[PDB]
């Protein structure tokens, strides 16, 4: 079996973009901060800890638009007890057609890899957006790299990436551009 079911019909003809969570769209920590966009309770061995989450700038603009252009899929090496609530709060527009977490990654050479082969899509019509090149080692030609984000409220990288994505959204074969 594959990780995703068939694309639902309005998505059939779209490129499938796999999008990472931490350091890509948000940055989270257990260290209290005052300006967290979200605070999430996470239970670890019977103790409830608080996770403070900051939104990367332009994340809302970015997701709303990607959600129109692609079949967007959340794929993260983090556990659902963290990632799933954050996606609930982050994803106002329903951009994410599916969510995959740590158990859907492949553990390989000490790293949790996003094995794009396991989605069940044509890789000529798959992209991955992930801040950590280790996450896509099996498919480095499917990637749009993006810098790691932590707290720079000046970051404009998700904004500045939209034009590139618009123009990818049109093509038949993503490799025709990334090679």
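Positions refer to the first chain, counted from 1.
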Of 34-42 and 125-133, the stretch with the higher mean C-alpha B-factor in the deposited entry is 125-133
Ranked by mean Cα B-factor in the entry, 163-171 and 18-26, top stretch is 163-171
Per the deposited entry, the peak Cα B-factor within the set 113, 54, 47, 153 goes to 153
By the entry's values, the third containing the CA B factor of residue 93 is the middle
